[PDB]
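Input: a single structure, listed below in structure tokens.
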Amino acid sequence: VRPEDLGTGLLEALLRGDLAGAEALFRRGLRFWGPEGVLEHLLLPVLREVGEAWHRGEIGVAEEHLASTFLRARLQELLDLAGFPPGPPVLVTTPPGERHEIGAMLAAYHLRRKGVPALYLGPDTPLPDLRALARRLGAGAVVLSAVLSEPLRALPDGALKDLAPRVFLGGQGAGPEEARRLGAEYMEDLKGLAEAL
Amino acid sequence: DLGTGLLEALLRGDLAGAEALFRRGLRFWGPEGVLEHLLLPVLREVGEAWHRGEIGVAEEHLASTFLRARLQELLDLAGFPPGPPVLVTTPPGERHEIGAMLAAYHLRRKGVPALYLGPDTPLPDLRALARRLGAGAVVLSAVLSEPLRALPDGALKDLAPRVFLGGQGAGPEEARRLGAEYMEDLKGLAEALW
Amino acid sequence: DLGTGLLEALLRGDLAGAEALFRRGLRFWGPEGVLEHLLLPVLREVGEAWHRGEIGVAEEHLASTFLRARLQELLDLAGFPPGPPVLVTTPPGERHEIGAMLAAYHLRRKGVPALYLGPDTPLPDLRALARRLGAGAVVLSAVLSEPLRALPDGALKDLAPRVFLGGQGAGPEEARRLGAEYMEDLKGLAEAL
Amino acid sequence: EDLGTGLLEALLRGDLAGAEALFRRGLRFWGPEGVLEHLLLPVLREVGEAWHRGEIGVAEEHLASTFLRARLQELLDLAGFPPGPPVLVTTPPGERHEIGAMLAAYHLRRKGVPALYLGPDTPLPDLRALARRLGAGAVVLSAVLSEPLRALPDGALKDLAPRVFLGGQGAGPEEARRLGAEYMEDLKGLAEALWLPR
Ligand code: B12
Ligand code: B12
Ligand code: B12
Ligand code: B12
Ligand SMILES: C[C@H]1O[C@@H](n2cnc3c(N)ncnc32)[C@H](O)[C@@H]1O
Ligand SMILES: C[C@H]1O[C@@H](n2cnc3c(N)ncnc32)[C@H](O)[C@@H]1O
Ligand SMILES: C[C@H]1O[C@@H](n2cnc3c(N)ncnc32)[C@H](O)[C@@H]1O
Ligand SMILES: C[C@H]1O[C@@H](n2cnc3c(N)ncnc32)[C@H](O)[C@@H]1O
Ligand SMILES: [Br-]
């Protein structure tokens with residue numbers, strides 16, 4: 001399997017319910033592209049394609065579920081293999097109503113890969129509870145991944161302003177203007193998140 | 001005890017400590033044992049503590065996310081045996097997924113190819129996937145009762161030749177209404193087709 | 001069972017089997033755990049079997065090379081954070097490198113930028129590199145005692161602002177003689193930094 | 001190209017992340033065989049020459065070599081390990097340069113040969129014993145220095161396995177003849193030579 005065919009091979013393995021094969025193809029990608037690379041060049045393209053294929057009516061929700069659940073597990077495995085250093089944590093989650101979690105996981109991963117103690121909470125955290133936990137742990141930052149725009153639209157002006165000393169918002173659902181309205185620092189690239197920290 | 005220590009380590013955001021305590025549990029009780037003696041009690045306690053107002057949603061999220069990751073690791077350790085799969089998910093509207101994962105685990109430990117889909121699968125899409133993979137069975141975990149009451153009579157009938165429904169949200173009457181076989185305990189799930 | 005399975009798989013040249021067993025161990029014990037409970041015991045057993053005359057050097061080589069590769073894979077998966085590095089190597093004349101790799105791994109897993117150099121680094125060259133990179137520490141793994149004895153009193157004193165020595169070849173007395181801080185456990189190395 | 005200089009520069013600044021990104025870029029551009037030919041091999045040679053000229057110290061070479069060995073080992077595992085009678089790959093007694101042997105194992109694996117890399121510096125009787133016990137079809141040796149070959153007696157490599165191949169900058173046709181090994185210049189033609197009779 002040539003690298004440029006790994007994406008289709010992996011999706012095909014998943015759609016035949018061949019998890020073992022899917023795992024082997026993912027690992028080949030990991031060995032070729034490296035950890036950050038396999039996420040960029042294999043995990044993300046497959047997931048986007050899964051979304052487009054669902055939208056065109058080529059696959060159903062259950063096939064997306066299968067693929068997403070599998071890729072989340074692969075990313076979680078990489079996350080546990082990265083360091084978890086000591087010191088004030090960075091809490092990573094998604095806004096209330098946002099159930100797409102892989103962006104948040106990616107953010108947490110890229111941070112840990114740079115030696116930042118990113119605590120991934122899971123998705124969909126109410127803001128008062130998030131604020132309270134950041135406070136109690138002395139969190140240096142809160143990072144939010146927004147895939148959809150609607151959950152940000154549902155929040156009032158300034159809603160993200162006091163969650164932690166620094167509050168970062170990114171993802172396809174977020175933009176500079178909405179981040180300003182909400183009182184968060186906008187971040188375009190995962191790479192520049194650790195730098196900013 | 002390990003249960004309190006693990007919860008305490010999670011609530012301090014000490015993941016390394018939490019991981020070490022979980023591994024100790026795993027090494028002592030073994031795979032099935034650590035679920036029964038450590039993973040399940042901590043999750044229940046997290047629920048009760050939230051309900052009493054002792055912890056907030058972010059603490060529950062942290063603990064649940066951690067334990068889901070540990071259970072997924074056990075799922076991959078159990079292995080994924082070959083042959084026609086058994087699809088495992090939760091009803092539409094059901095976001096609690098650890099019960100489904102548990103079902104998949106117990107099945108895999110008995111050599112059943114339990115394919116965990118993730119939670120919250122619309123029934124037509126589930127039916128379609130069972131059909132395309134030639135699935136022998138479908139297993140649903142219901143933690144809440146409400147998602148089952150929202151479903152039409154007979155809605156679980158014929159998703160596969162065998163359809164099983166269990167969890168704290170499910171009962172015999174609702175399973176009959178929906179056209180599923182009710183199952184009380186995970187232990188008797190692999191027996192039902194074995 | 002995994003230790004015996006893994007050694008048996010290696011001695012039959014079944015690398016695929018060996019890889020699967022190691023991953024099983026990794027999933028069960030976790031990363032630090034699989035090194036402690038699987039990599040280390042297998043390598044000790046390899047050494048004892050060689051010492052008894054039961055296996056030749058080629059079998060040990062096969063097993064060692066395999067386990068080094070597994071550890072290197074884990075090392076690359078750990079973070080490499082920014083900032084002043086910690087250089088990790090072995091004393092001149094020390095060709096057993098897996099202890100050093102372990103030290104680098106445990107450090108990286110705790111967010112320390114441990115640069116593993118490989119084994120067997122002359123002290124002047126090591127000192128020079130620590131200086132030029134502004135390294136906060138040097139860590140040395142000694143498996144044999146002989147490369148340390150050879151060394152003069154206070155040979156390790158100024159390699160970097162902090163210098164740590166550990167491994168089965170090292171002890172408190174020899175560390176004091178050499179001007180290094182002795183460390184018994186890998187766990188307490190990141191703490192000390 | 002100049003990925004080579006960039007990579008060496010990143011290594012000498014202790015920027016492993018940068019070094020890894022440059023290597024990956026090379027791997028994505030040239031492909032697996034290509035990145036070895038265009039990036040891994042040139043950097044290693046240059047490291048050697050820079051040490052010899054007094055421009056870098058031993059610690060810098062160690063850092064770079066350790067890094068590139070790790071990258072090559074990753075490619076080895078990516079080439080895969082096929083079933084069937086193995087080919088044992090190592091270096092002669094006294095030979096501690098191992099990357100040539102790893103390269104040989106890689107090129108063999110990329111052609112579907114189960115090349116078992118032992119690591120370097122294997123005593124000949126022990127190697128012969130292991131080849132025999134595993135039913136190895138061949139042994140492959142990489143010699144970087146000439147001295148370890150010079151130390152061996154006539155015919156020493158002859159019967160290590162049914163076929164014995166010797167290559168590397170330390171080896172030549174006459175020394176291979178003296179030692180009873182088949183000489184091989186280029187790694188690409190190694191699988192071909194092995195599938196063919198002697
Ligand atoms: C799997 C999936 C789901 C899963 C999520 C599973 C889970 N537990 O995570 C489930 C089943 C829950 C789901 C449900 C739905 N989702 Co959906 N699905 C996806 C899918 C296929 C993959 C999502 C993913 O992980 N992709 C990877 C994402 C994270 O990559 P990315 O956004 O490009 O992220 C990049 C950057 O943004 C950056 N980044 C991300 N976060 C952050 C944060 C920071 C700080 C920084 C610096 C960078 C950064 O990192 C990435 C690098 O490229 C996408 C398809 C797609 N194109 O994304 C949709 C998609 C996002 N979903 C969509 C829809 C419509 C839905 C539903 C409304 C469908 C429905 N009718 O029920 C629901 C809504 C649920 C909700 N959130 O409330 C649409 C969104 C269209 C839109 N924007 O309007 C998509 C695009 C599919 C489509 N083509 O229609 N979904
Ligand atoms: C974590 C958690 C969540 C998480 C889920 C995260 C995830 N999975 O991705 C999140 C944050 C999403 C969540 C949200 C909510 N949940 Co909640 N939470 C939990 C908690 C603490 C653990 C859930 C869990 O892992 N299940 C534990 C399972 C393993 O429970 P169990 O009883 O031990 O299950 C046994 C058997 O049922 C059997 N089994 C399970 N499934 C099956 C299937 C088969 C076939 C068989 C044979 C056996 C079997 O296996 C287990 C053996 O011990 C529980 C507390 C609890 N006691 O369950 C609630 C709990 C279930 N949640 C509850 C509530 C109220 C909610 C919310 C409505 C809160 C809100 N207002 O937003 C939402 C609703 C979401 C939804 N639509 O589903 C309540 C339910 C009360 C009720 N009405 O019955 C609980 C009980 C908390 C409480 N103490 O009040 N929750
Ligand atoms: C593989 C191996 C080799 C390989 C090394 C391959 C490589 N790394 O590239 C090679 C082939 C080179 C080799 C050669 C030789 N070695 Co050898 N071999 C081993 C073996 C089997 C495993 C070594 C290993 O990696 N073990 C795993 C390590 C990680 O375990 P560990 O050292 O106990 O480390 C633990 C602690 O010390 C701690 N730690 C380690 N470093 C540090 C550093 C710090 C700062 C801290 C805090 C902690 C710490 O962490 C680890 C976990 O608890 C051991 C057997 C054994 N029992 O060790 C010998 C062994 C060490 N070798 C030995 C011998 C005899 C030799 C040779 C002299 C044989 C010969 N050629 O004649 C040569 C000498 C080479 C030299 N100059 O160093 C003996 C030494 C006994 C002694 N001291 O008297 C051993 C014990 C074998 C035996 N039973 O006889 N060897
Ligand atoms: C890193 C390195 C080391 C490392 C080895 C690390 C390891 N692998 O574990 C260490 C630090 C151990 C080392 C030490 C020493 N080495 Co040194 N170093 C190197 C270096 C840079 C290795 C580069 C390499 O991996 N070569 C492999 C590739 C890059 O080069 P290559 O051999 O041309 O490979 C091609 C072909 O030969 C072919 N090939 C190789 N093997 C095989 C096998 C077959 C079957 C086939 C078909 C083809 C084939 O493939 C390649 C392209 O097609 C070389 C520099 C160099 N130019 O090679 C020296 C070099 C070989 N070392 C040298 C020296 C001097 C030493 C020491 C004697 C120094 C010392 N006094 O301590 C010791 C001796 C060690 C020993 N063998 O006992 C000199 C040799 C000069 C000479 N005598 O001819 C070199 C050439 C550097 C130099 N010019 O100063 N070294
Ligand atoms: C964005 C992703 O959301 C999933 N999706 C779409 N509709 C639903 C639903 N009602 N319930 C669950 N998941 C759904 C699809 O699989 C799509 O690919
Ligand atoms: C059953 C679990 O659901 C979580 N929970 C309760 N309310 C919400 C909400 N609005 N959003 C997300 N999770 C919530 C709690 O943390 C509880 O422990
Ligand atoms: C400590 C390890 O050193 C290895 N060992 C012992 N003698 C030699 C030799 N001549 N060459 C290479 N390795 C050797 C053995 O395989 C032992 O297991
Ligand atoms: C061929 C390579 O050998 C390394 N080299 C040279 N002398 C020594 C030594 N005493 N110990 C270890 N490595 C050494 C150099 O770094 C050179 O680049
Ligand atoms: Br390696």
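Atom set for the values below is all heavy atoms of this structure, side chains included, hydrogens, waters and symmetry mates excluded. In the text below, chain A, chain B and the rest are named by the order of the sequence lines, each starting its count at 1.
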Other residues, nucleotides and ligands only: do more than 12 of their heavy atoms fall within 6.0 Å of CG on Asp189(A)? yes
Go through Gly30(C), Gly83(C), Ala78(C) and name the one with the most non-hydrogen pairs under 4.5 angstrom from chain A. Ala78(C)
For chain A, find which of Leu77(C), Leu74(C), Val112(C) contributes the most heavy-atom pairs closer than 4.5 angstrom. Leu77(C)
Please report the closest heavy-atom contact between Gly111(C) and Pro85(A), naming both atoms and the distance. CA-CB, 3.8 Å
Quick check: are there more than 12 heavy atoms from other residues, nucleotides or ligands sitting under 6.0 Å from CZ of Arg153(A)? no
Supply the atom-to-atom distance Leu26(C) CG to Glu77(A) CD, rounded to the nearest 0.5 angstrom. 7.5 Å
Kindly check if the number of other-residue, nucleotide or ligand heavy atoms within 6.0 Å of CD (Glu177(A)) is above 12? no
Is the count of non-hydrogen atoms from other residues, nucleotides or ligands lying under 6.0 Å from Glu146(C) atom CD greater than 12? yes
What distance do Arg23(C) atom CZ and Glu23(A) atom CD have between them, rounded to the nearest 0.5 Å? 6.5 Å
First locate atom NZ of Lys114(A), then atom CZ of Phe80(C), and finally report the distance between them rounded to the nearest 0.5 Å. 8.5 Å
